[PDB]
Amino acid sequence: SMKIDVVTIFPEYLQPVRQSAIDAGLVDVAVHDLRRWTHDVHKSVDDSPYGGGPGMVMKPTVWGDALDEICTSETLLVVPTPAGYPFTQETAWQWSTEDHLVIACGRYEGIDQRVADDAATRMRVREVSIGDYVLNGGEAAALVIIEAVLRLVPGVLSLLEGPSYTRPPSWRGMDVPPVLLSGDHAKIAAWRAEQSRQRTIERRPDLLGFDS
Amino acid sequence: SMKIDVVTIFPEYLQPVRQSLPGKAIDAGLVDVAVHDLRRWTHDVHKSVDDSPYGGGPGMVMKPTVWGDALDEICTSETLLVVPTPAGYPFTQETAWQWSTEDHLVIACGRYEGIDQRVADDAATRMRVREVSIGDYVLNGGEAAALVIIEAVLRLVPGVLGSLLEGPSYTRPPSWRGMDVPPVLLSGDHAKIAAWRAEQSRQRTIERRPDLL
Ligand SMILES: C[S@@+](CC[C@H](N)C(=O)[O-])C[C@H]1O[C@@H](n2cnc3c(N)ncnc32)[C@H](O)[C@@H]1O
Ligand SMILES: C[S@@+](CC[C@H](N)C(=O)[O-])C[C@H]1O[C@@H](n2cnc3c(N)ncnc32)[C@H](O)[C@@H]1O
């Protein structure tokens, strides 16, 4: 059984989690509005950066109070950031056996670095990037991470995959490769292995230790 | 002016991003995102979108006849067809910049083992097709990948949304839970501040992404 808490200034953005595993009760997902932990009438969560620069930075005081209430020493705190360590399939396998994930979603130019630093004195913290592009907020990264982790959780149960096919065997004058219709398991496995390695050298040569 | 059409068996998944578009951009005709239920193009009373894989094995494959009809209706010769897949070419910031000036994106969201390969192969004989991965992990469906792609592209279109790693950022208060903002940032020596930030970027990249060096 896993608990996932997501903290955000846009809780409505996390509604896509509800095409659930949540229904099966293996995981509980709760979404929290960061503005709940403010105290001023304007409920301000951001301020200009020290040292100059474009944009705004999320204030540490509000985040500190929220994480104080939600986290324990056993929590794995996940902080999405384009400057993070890479989130990969290996990471997903690792987090699939955790009891409690808390995902802190940033906006603007991100969260004051002292929030993560303070948290690390009490719990395990992971700052992670989901890919080499820039999003407007951490909410889409939270949805990606939750999906990748949940399909590996017990109870739900290298190379690029080659192409797949289904009926009919001929469509618009395009045929399913005849080996797949041949019923020869050894020949099919061999062909599928070759397609995978061929697609990998063309699209992701780095996976096989080549340039680019 | 960009049109984005998304085709999916879970249309409600895309509904946050539609509502995140500013009214001013929509009213000015800068952007229009539309979402379509794939089952609209099914042929049978059971609204079937998948079938068993040729050659055997576990899982299911999405049907070519259903997808072919959907893309026939939605795409034109000017369309850039985006097909998310963990076996695709990598989607990067460079890709996002390129797609930000397109007139028409269509995103085909897969499920299960993916879409019968003849769909993309056929489409590529009359339009541009791009099979892309958003990262080195496996998702259950293409919808989350569509959200990522739409966000990364549209924040580069003016008025819609919006090497080395960036270093840490700080704001008020100057002291918090025993931790002070680095004094250099409050110094008013802006050449020195820029050099400090550059070195912070270098250290963070060596630690977290040595591949970038
Ligand atoms: C415009 S980004 C920049 C802020 C970022 N934290 C930084 O320090 O560079 C705003 C937020 O979107 C999220 N984000 C953007 N790109 C991301 C990526 N590639 N991976 C994970 N999260 C990302 C993070 O939550 C981030 O704080
Ligand atoms: C379980 S995946 C595997 C299917 C995939 N098309 C294949 O043949 O390898 C099912 C669907 O989720 C989406 N998906 C999973 N991982 C993805 C990734 N890393 N990047 C983009 N889309 C992904 C794709 O739409 C894919 O068709």
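B:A108 is checked against (1) buried (at least 21 other Cβ atoms within 10 Å of the Cβ); (2) more than 9 Å from chain A (Cβ to nearest Cβ); (3) within 24 Å of A:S129 (Cα to Cα) and fails just one. What number does that condition carry?
Condition not satisfied by B:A108: (3).
Check A:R151 against each of (1) facing another protein chain (nearest Cβ under 7 Å); (2) within 9 Å of ligand 1 (Cβ to nearest atom); (3) basic (K, R) and name the one condition it does not meet.
The failed condition is (2).
May I ask you to say which residue of A:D118, A:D132 is under 26 Å from B:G114 (Cβ atoms), acidic (D, E), surrounded by 15 or more Cβ atoms within 10 Å (Cβ to Cβ) and at the interface with chain B (Cβ under 7 Å from one of its Cβ atoms)?
A:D132
Please verify whether region A:48-57 includes one or more residues that are facing chain B (nearest Cβ under 9 Å) and assigned to a helix (DSSP H, G or I).
No, every residue in region A:48-57 fails to be facing chain B (nearest Cβ under 9 Å) and assigned to a helix (DSSP H, G or I).
State all residues of region A:158-178 that are surrounded by fewer than 17 Cβ atoms within 10 Å (Cβ to Cβ), part of a loop (DSSP other than H, G, I, E, B) and touching a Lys or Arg at 6+ places or on another chain (Cβ under 9 Å); if no residue qualifies, say none.
Hits for region A:158-178 are A:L159, A:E161, A:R167, A:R172.
Can you tell me which residue among B:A120, B:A124, B:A108 is assigned by CATH to the domain that holds B:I9, aliphatic (A, V, I, L, M), more than 23 Å from A:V153 (Cα to Cα) and away from ligand 2 (no atom under 15 Å from the Cβ)?
The unique qualifying residue is B:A124.
Being crowded, with 17+ Cβ neighbours inside 10 Å and assigned to a strand (DSSP E or B) is the filter; apply it to region A:83-99 and report the residue that is nearest to ligand 1 (Cβ to nearest atom).
The selected residue is A:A83.
Of all residues being more than 8 Å from ligand 1 (Cβ to nearest atom) and assigned to a loop (DSSP other than H, G, I, E, B) in region A:100-142, which is nearest to B:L161 (Cα to Cα)? Just the residue, please.
If we take residues in region A:100-142 being more than 8 Å from ligand 1 (Cβ to nearest atom) and assigned to a loop (DSSP other than H, G, I, E, B), then A:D112 is nearest to B:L161 (Cα to Cα).
Please verify whether B:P22 is within 14 Å of chain A (Cβ to nearest Cβ), within 16 Å of ligand 2 (Cβ to nearest atom) and not polar (S, T, N, Q), treating the condition exactly as stated.
When the stated conditions are applied, B:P22 does not pass them.
Among the residues of region A:161-173, write down those that are in contact with a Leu (Cβ under 7 Å, 6 or more places away or on another chain) and facing chain B (nearest Cβ under 7 Å).
Within region A:161-173, A:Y165 is the sole residue that qualifies.
Cβ coordinates were reconstructed from backbone atoms using ideal geometry, including for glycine residues, and neighbour counts include every protein chain displayed. What is reported rests on the model, the rules as stated and the sources as named; no laboratory read-out is quoted.
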